[PDB]
């Protein structure tokens, strides 16, 4: 699904993440650590007990946007997300934080189902 053009944006731009709470309220926040795990999965380091994590834990719904403001390009990734606090994804998250940020409290995993052009 994820092509080279997409990878380039994902690597150079900030992931903006949309989720929704149990009462139907949308939330939006950046996740600087958002990155491709493979061609249908993103992961990110979850350092917080914040609204993005609580929403994901509630219902799993997510959309992530990457936009190149100047070059006028972007993509929206739609999928289902989960939080883990143990196991291989969590271990990789801890290794990824070394020399960059504190130990994650958890790892967010996003299974990408649909991709949209934002141009």
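Residue numbers count along the first chain shown, from 1.
- Averaged over Cα atoms, the B-factor as recorded in the entry is higher for 62 to 70 than for the other of 76 to 84 and 62 to 70.
- When the two stretches 93 to 101 and 7 to 15 are set side by side, the higher mean Cα temperature factor goes to 7 to 15.
- The PDB entry assigns residue 27 a C-alpha temperature factor belonging to the lowest third of its chain's modelled residues.
- Sort the modelled residues of the chain by CA B factor and residue 41 lands in the middle third.
- Annotation for residue 51: CA B-factor lies in the middle third of the chain's modelled residues.
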